[PDB]
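Engineer: Structure below; questions to follow.
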Amino acid sequence: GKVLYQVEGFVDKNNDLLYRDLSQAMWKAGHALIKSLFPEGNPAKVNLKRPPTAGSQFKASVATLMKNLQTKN
Amino acid sequence: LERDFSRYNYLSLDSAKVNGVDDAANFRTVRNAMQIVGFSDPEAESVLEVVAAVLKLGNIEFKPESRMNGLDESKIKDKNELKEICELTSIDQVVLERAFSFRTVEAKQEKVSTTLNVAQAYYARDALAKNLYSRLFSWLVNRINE
Amino acid sequence: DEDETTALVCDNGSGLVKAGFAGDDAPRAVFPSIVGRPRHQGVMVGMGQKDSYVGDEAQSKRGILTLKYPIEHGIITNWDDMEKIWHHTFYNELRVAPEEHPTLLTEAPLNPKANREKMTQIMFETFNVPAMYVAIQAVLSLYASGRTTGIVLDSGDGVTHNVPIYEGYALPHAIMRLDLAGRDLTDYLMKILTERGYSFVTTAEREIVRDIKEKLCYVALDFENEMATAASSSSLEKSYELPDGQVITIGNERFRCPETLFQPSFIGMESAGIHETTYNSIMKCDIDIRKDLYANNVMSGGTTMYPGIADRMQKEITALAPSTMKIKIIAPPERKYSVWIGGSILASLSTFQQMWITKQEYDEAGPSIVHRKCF
Amino acid sequence: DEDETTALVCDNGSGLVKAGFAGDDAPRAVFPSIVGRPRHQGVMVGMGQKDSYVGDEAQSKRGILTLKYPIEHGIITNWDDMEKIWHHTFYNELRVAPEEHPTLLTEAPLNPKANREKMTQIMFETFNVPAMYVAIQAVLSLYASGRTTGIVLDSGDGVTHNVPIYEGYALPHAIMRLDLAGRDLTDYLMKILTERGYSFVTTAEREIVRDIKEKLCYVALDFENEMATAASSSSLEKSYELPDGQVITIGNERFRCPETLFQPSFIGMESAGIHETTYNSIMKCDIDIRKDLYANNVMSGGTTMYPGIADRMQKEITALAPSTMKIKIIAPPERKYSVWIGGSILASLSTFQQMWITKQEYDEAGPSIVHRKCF
Ligand SMILES: Nc1ncnc2c1ncn2[C@@H]1O[C@H](COP(=O)(O)OP(=O)(O)O)[C@@H](O)[C@H]1O
Ligand SMILES: Nc1ncnc2c1ncn2[C@@H]1O[C@H](COP(=O)(O)OP(=O)(O)O)[C@@H](O)[C@H]1O
Ligand SMILES: [Mg+2]
Ligand SMILES: [Mg+2]
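One line per chain: the protein sequences are V, C, U and H, in this order.
Take any residue in the first sequence, count from 1 to its spot, add 516: that is its number in the UniProt record's numbering.
Take any residue in the second sequence, count from 1 to its spot, add 224: that is its number in the UniProt record's numbering.
Take any residue in the third sequence, count from 1 to its spot, add 2: that is its number in the UniProt record's numbering.
Take any residue in the fourth sequence, count from 1 to its spot, add 2: that is its number in the UniProt record's numbering.
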């Protein structure tokens, strides 16, 4: 049916701006777990294009799931 | 960590209690559940340091400044929370403190630190929290699947 | 190559080719726009000497080359050399096939028509790009500025130009173009270094003087107070080690070199200066726009990376503007790339994807298609 | 929307749309009746630029728009633009559905027939109102005046008109209509500001001159005494800061601008003036009415918000009227809305509810139904 969406806060909740120096900053952690979480944080390789926005991340995840379900019954 | 649920930005007093469910028994249910599926004993505490960090990031807030003229700088109002997270996560405080308000544009060989405003400081903080918790969650799934 | 077919942005403005993919925060290829050709005989047999060296390699081998900028004052003058610059841009630095990526070229406003027409002809006919779009460079600087309202100057290597924009609407009757930029400041610095006693006349030595300009020059706030300060003592006198030799020691030339950008009578160019063409570009707009221009004066391109040019700019414009106006000179440290960065932001827009000039309609209409679909 | 189905009153007179619900003491929506359309190219991609901006939004974005009043001298001239004004009135400012509320439109007396006919056609056919009623505007000003006996002038933005009424009975042979109002005073103020040295010719600058007229102009009592007073010294000279810039300083233009309303030969209009059309509107009535008109001279509309227009009005009419008459110029501070407020009082009457022009009888008779049931 005709679902009513309230537009209050769509832009604030699509913004996934995490950039280079945050992954570098947590890559330089003495905690080896957080450094193990962020392999993109090395400055010895360039940080490429950022996966923003979060809606494109969720579209990418649903697209991954649909590449999963298509080869199955 | 403090213990009152009004003391955190990501929580409130109005959500502290499901009427029939207590959190401590489910917490011990989880820490009993992690022993079967291969999570070691310092490992779970190392994950709870990360969940502690994701809880503690939200108490950081930002204010603008007058120099420079454009683009306008944001700064941390008080760095008690920054000191507790930077001691907690074992990070030098100048690294993360510079990492809230600036970002390095790095060209072919040249890099520079530029200002973020107040709102984009809140977006970098929010994105740091939920990206940290998200990649923690995916790492837990990989660790189970190992 | 590239994992995706993401569009290319190739800012080739007048003196420094910088290019990359859309969605990036910084260009992946930055190299000077030079073509060096050897002027001496090759006496060592079987070494591997080339016919012409392009860009950074010509900057390395410059001791035995002559250096020719194929583009001057924003106008391409050697199309075969510029074809070498683009061939080196896609195939050597980026290492990508241009047949799979749309390209976003930048020009200066008030340019020749055959510039954008023949640039379109070389993009579609020689390199076979699927789609292209030539856009005004300061508009792109306002994209990376994060604003839809403001007056912009970039000051590349060959051209500075003010574009005032209000609420997304261009004001093309108030666009100022001044052909005074970093290459002219390099030549004037060659003249005043010849005044001190250091004779640079070679094109390689011209690049040395360009490095002196980039490393030691700064914009004074009061030119007579800094002038009498340097006349007083050796307080601001700074030394520079030349490539492969001796140490020079330059004094007032540090601020006489970019003061030509504010006083174009130093190089003998009758104009108003960068602050007064900015102010006249504001005053040629409608009246209820003007304060929003003063609060969003954007200085976000190339040559304006001097120390103290924002303070001098706000001093001169605040002296020109009436009182009770808020003059705000937006000068980020993201300069010298923000014209490219707004190229990436413009290429990454969803609604922009109908505004590309593709094949088939270039192939229908010919090289005047940019004068249909570009601004 | 609205909790009730209370009737709407939409006073759209000539230059300032003000509307609301019945039973209110003040209109909930007041915005200028302008339609601004962009005259420059949109160069920023994906901003959210519109085709045309209406009302207060067009007043904000006026630096990049051209402003067109869809109604001039009380006569609607652009019906599609006026459809945008009404669409913005019900749906954007009031945020209500017009299919559930009766509407009370206002016109000027001695108007074209196709004005009220086509206005009726757009109210029933485009917006689908259940009932409408078009009424003469100065009669409504006498409703908010609290009187059933008096002569009324309102002076909107496009038309001033005297309606004399005695004991509830209209005197339509003595209705005066003078097409001299605030927009003409704005144009004459543009001319005499051009005389001083300030050149305003743009429609946005026309709105600036309108703001100068509203903020700094006043009606002199003796035009030659105030004229020689301003010729004597700088006593009455007042300064105004322009939008986004410099400060102007205006002198005798403060009282030469509204004196055109008393002397229409300034703008070259052969007529008698507002005081002499008021007096002639009194003298064209029957004799035993006249003193009750003089004791209830109502000046309760738009343009007449100048300082000192009631003293000048009582001076001129008292000079024209015979002695032993009590001339009383009713000029409340409830002006500029009292034509609307009496619209609310007329719509809130119980016995008025049979005088609405509904559907089904408009649908029986066609757009001439107003010439059956409206005055
Ligand atoms: N640090 C600097 N300080 C002074 N001048 C500079 C500096 N960096 C670049 N320049 C000058 O600006 C020119 C390049 O301008 P740019 O905006 O990159 O032009 P393009 O449109 O070709 O992208 C250089 O060739 C040089 O003359
Ligand atoms: N304070 C004021 N002093 C002088 N003139 C005014 C003042 N306020 C408004 N006006 C003029 O009166 C006009 C408003 O008249 P109004 O009766 O609202 O028109 P409408 O008939 O459309 O309701 C404006 O266009 C303006 O020129
Ligand atoms: Mg460039
Ligand atoms: Mg009115």
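Virtual Cβ for every residue (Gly too), placed ideally from N, Cα, C.
Check whether the Cβ of H/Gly304 sits closer than 6 Å to any heavy atom of ligand 4, and report yes or no.
Structural biologist: Looking up residue 304 of chain H in the fourth sequence gives position 302. Taking 6 Å as the cut-off, the C-beta of H/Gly304 counts as close to a heavy atom of ligand 4.
Engineer: Take U/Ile66 and list the residues in its own chain whose beta-carbon comes closer than 8 Å to its own, dropping the five residues that flank it on each side.
Structural biologist: Numbered from 1 along the third sequence, position 64 holds the residue referred to as residue 66 of chain U. Closer than 8 Å at the Cβ level, and outside the excluded window around U/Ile66, lie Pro40, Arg41, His42.
Engineer: Within 10 angstroms of the Cβ of U/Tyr93, are there 16 or more other Cβ atoms? Answer buried if so, exposed if not.
Structural biologist: Within the third sequence, the letter at position 91 stands for residue 93 of chain U. By the 10 Å Cβ count, U/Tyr93 comes out exposed.
Engineer: Using a Cβ cut-off of 7 Å (strictly closer), state whether U/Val221 contacts chain H.
Structural biologist: By one-based count along the third sequence, residue 221 of chain U stands at place 219. Cβ-Cβ to chain H under 7 Å: no for U/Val221.
Engineer: Would the beta-carbon of H/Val341 be found less than 6 Å away from any heavy atom of ligand 4?
Structural biologist: Along the fourth sequence, one-based indexing puts residue 341 of chain H at 339. Correct: H/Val341 has its Cβ closer than 6 Å to ligand 4.
Engineer: Rounded C-beta distance between H/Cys287 and H/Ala137? I'm assuming under 8 Å.
Structural biologist: As a working mapping, residue 287 of chain H is identified with position 285 in the fourth sequence. As a working mapping, residue 137 of chain H is identified with position 135 in the fourth sequence. That pair is no contact at about 21 Å.
Engineer: When DSSP builds the beta bridges, which residues end up paired with H/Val249?
Structural biologist: Taking the fourth sequence and counting its residues from 1, the one referred to as residue 249 of chain H is at position 247. Looking at the DSSP assignment, H/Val249 forms a beta bridge with H/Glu243.
Engineer: CB V/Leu533 to CB C/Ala351, shorter than 7 Å?
Structural biologist: What you label residue 533 of chain V is simply residue 17 of the first sequence in a count that begins at 1. What you label residue 351 of chain C is simply residue 127 of the second sequence in a count that begins at 1. The answer is yes: Cβ separation under 7 Å.
Engineer: What are the uninterrupted segments assigned as beta strand (DSSP E) that are 3 or more residues long and contained completely in the region 61-147 of chain H, given in chain order?
Structural biologist: 67-70, 105-109, 133-138
Engineer: CA-CA distance, U/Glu102 and U/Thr7?
Structural biologist: The residue labelled residue 102 of chain U in the question sits at position 100 within the third sequence. The residue labelled residue 7 of chain U in the question sits at position 5 within the third sequence. Their Cα atoms are separated by approximately 6 Å.
Engineer: Pull up the distance between the alpha-carbon of H/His175 and that of H/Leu348, whole angstroms please.
Structural biologist: Here residue 175 of chain H refers to the residue found at position 173 when the fourth sequence is read from its first residue. Here residue 348 of chain H refers to the residue found at position 346 when the fourth sequence is read from its first residue. Near 23 Å, if we compare the C-alpha coordinates of H/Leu348 and H/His175.
Engineer: Can you give me the start and stop residues for the alpha helix (DSSP H) that H/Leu223 sits inside?
Structural biologist: On the fourth sequence, residue 223 of chain H is found 221 positions in, with the first residue counted as 1. Note, H/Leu223: premise wrong, no alpha helix (DSSP H); not H, not E.
Engineer: Taking only the alpha-carbon atoms, compute the straight-line gap between H/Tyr220 and C/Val329 and give it to the nearest angstrom.
Structural biologist: Position 218 of the fourth sequence, counted from the first residue, corresponds to residue 220 of chain H. Position 105 of the second sequence, counted from the first residue, corresponds to residue 329 of chain C. So the two alpha carbons sit approximately 60 Å from each other.
Engineer: With distances taken from CA atoms, which of U/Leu223, U/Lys20, U/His89, U/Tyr135 is nearest U/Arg374?
Structural biologist: Position 372 of the third sequence, counting from 1, holds the residue named residue 374 of chain U. Nearest C-alpha to U/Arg374: U/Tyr135.
Engineer: Should H/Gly15 be listed as close to ligand 4, given that the test is whether its C-beta is under 6 Å from any heavy atom?
Structural biologist: Counting from 1 along the fourth sequence, the entry for residue 15 of chain H is found at position 13. Flag set: Cβ of H/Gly15 near ligand 4.
Engineer: Give the straight-line distance between the Cα atoms of U/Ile250 and U/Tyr200, rounded to the nearest whole angstrom.
Structural biologist: As a first step, residue 250 of chain U is located in the third sequence; it is residue number 248 there, counting from the start. As a first step, residue 200 of chain U is located in the third sequence; it is residue number 198 there, counting from the start. Cα to Cα, the separation comes out at about 8 Å.
Engineer: Considering only heavy atoms of ligand 2, does any lie closer than 6 Å to the CB of H/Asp159?
Structural biologist: For the purposes of this step, residue 159 of chain H is taken as residue 157 along the fourth sequence, with counting starting at 1. It does: the Cβ of H/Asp159 is within 6 Å (strictly closer) of some heavy atom of ligand 2.
Engineer: Is H/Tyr220 near ligand 2, in the sense that its beta carbon is under 6 Å from a heavy atom of that ligand?
Structural biologist: To locate residue 220 of chain H, count along the fourth sequence from 1; it is residue 218. Every heavy atom of ligand 2 is 6 Å or more from the Cβ of H/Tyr220, so no.
Engineer: Could you tell me the alpha carbon to alpha carbon distance between H/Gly160 and H/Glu216, rounded to whole angstroms?
Structural biologist: For this step, residue 160 of chain H is matched to residue 158 along the fourth sequence. For this step, residue 216 of chain H is matched to residue 214 along the fourth sequence. The straight-line gap from Cα to Cα measures roughly 15 Å.
Engineer: Can you check whether the C-beta of C/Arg252 is within less than 7 Å of a C-beta belonging to chain V?
Structural biologist: Here residue 252 of chain C refers to the residue found at position 28 when the second sequence is read from its first residue. Cβ-Cβ to chain V under 7 Å: no for C/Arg252.
Engineer: With distances taken from CA atoms, which of V/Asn531, V/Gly546, V/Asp528, V/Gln522 is nearest C/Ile315?
Structural biologist: On the second sequence, residue 315 of chain C is found 91 positions in, with the first residue counted as 1. Considering only V/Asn531, V/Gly546, V/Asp528, V/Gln522, the residue with the shortest C-alpha distance to C/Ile315 is V/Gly546.
Engineer: Can you tell which of C/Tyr234, C/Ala345, C/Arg252, C/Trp363 has its C-alpha closest to the C-alpha of C/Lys299?
Structural biologist: In the second sequence, counting from the first residue as 1, residue 299 of chain C sits at position 75. Out of C/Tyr234, C/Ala345, C/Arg252, C/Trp363, C/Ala345 has the C-alpha closest to the C-alpha of C/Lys299.
Engineer: Assuming C/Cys310 is part of the alpha helix (DSSP H), what are its boundary residues?
Structural biologist: Numbered from 1 along the second sequence, position 86 holds the residue referred to as residue 310 of chain C. Taken as a continuous stretch (DSSP letters only), the alpha helix (DSSP H) holding C/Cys310 covers 304-312.
Engineer: What three-state label does DSSP hand U/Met315 in the structure shown?
Structural biologist: Locating residue 315 of chain U in the third sequence gives position 313, where the first residue counts as 1. In this structure, U/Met315 counts as helix in the three-state DSSP scheme.
Engineer: Going straight from the alpha carbon of U/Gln265 to that of U/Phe202, what length do you get?
Structural biologist: The count along the third sequence starts at 1 and reaches residue 265 of chain U at position 263. The count along the third sequence starts at 1 and reaches residue 202 of chain U at position 200. For U/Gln265 and U/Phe202, the distance between alpha carbons rounds to 23 Å.
Engineer: Rounded to a whole number of angstroms, what is the C-alpha to C-alpha distance between H/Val141 and H/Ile177?
Structural biologist: On the fourth sequence, residue 141 of chain H is found 139 positions in, with the first residue counted as 1. On the fourth sequence, residue 177 of chain H is found 175 positions in, with the first residue counted as 1. Rounded to the nearest angstrom, the two C-alpha atoms are 11 Å apart.
Engineer: Please report whether the beta-carbon of U/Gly25 lies at a distance below 7 Å from any beta-carbon of chain V.
Structural biologist: Taking the first residue of the third sequence as 1, we reach residue 25 of chain U at position 23. It does: the Cβ of U/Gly25 has a partner Cβ on chain V nearer than 7 Å.
Engineer: Using the beta-carbon count (16 or more within 10 Å), is H/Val341 buried or exposed?
Structural biologist: If you number the fourth sequence from 1, residue 341 of chain H lands on position 339. H/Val341 should be labelled buried.
Engineer: The region 543-558 of chain V: which residues have C-beta closer than 8 Å to a C-beta of chain C, in chain order?
Structural biologist: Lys544, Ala545, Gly546, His547, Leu549, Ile550, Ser552, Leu553, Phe554
Engineer: Using the Cβ count rule (16 or more neighbours within 10 Å means buried), how would you classify V/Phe574?
Structural biologist: Along the first sequence, one-based indexing puts residue 574 of chain V at 58. Counting the other CB atoms within 10 Å of its CB gives V/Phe574 a total below 16, which places it among the exposed residues.
Engineer: Could you give the first and the last residue of the continuous alpha helix (DSSP H) run that contains C/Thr328?
Structural biologist: The count along the second sequence starts at 1 and reaches residue 328 of chain C at position 104. No alpha helix (DSSP H) contains C/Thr328, which is instead part of the beta strand (DSSP E) from 326-330.
Engineer: Pop quiz: U/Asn298 and U/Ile332 are said to be a contact at Cβ under 8 Å. What is the actual Cβ separation, rounded to whole angstroms?
Structural biologist: Within the third sequence, the letter at position 296 stands for residue 298 of chain U. Within the third sequence, the letter at position 330 stands for residue 332 of chain U. So it is a contact: roughly 6 Å between Cβ atoms.
Engineer: Please tell me whether V/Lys565 has its Cβ less than 7 Å away from any Cβ of chain A.
Structural biologist: Reference to chain A is not applicable here, since the protein chains of this structure are V, C, U and H.
Engineer: Against chain C, does U/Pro335 count as a neighbour if the rule is that its beta carbon must be under 7 Å from one of theirs?
Structural biologist: Taking the third sequence and counting its residues from 1, the one referred to as residue 335 of chain U is at position 333. Yes - at least one Cβ of chain C is within 7 Å of the one on U/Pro335.
Engineer: Count the other C-beta atoms from every protein chain shown that fall within 10 angstroms of the C-beta of U/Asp13, then say buried if there are 16 or more, exposed otherwise.
Structural biologist: Stepping through the third sequence from its first residue, residue 13 of chain U is reached at position 11. Buried is the call here.
Engineer: Taking only beta carbons into account, state which residues of the region 290-306 of chain C come closer than 7 Å to chain U, listed in chain order.
Structural biologist: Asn293, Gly294, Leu295
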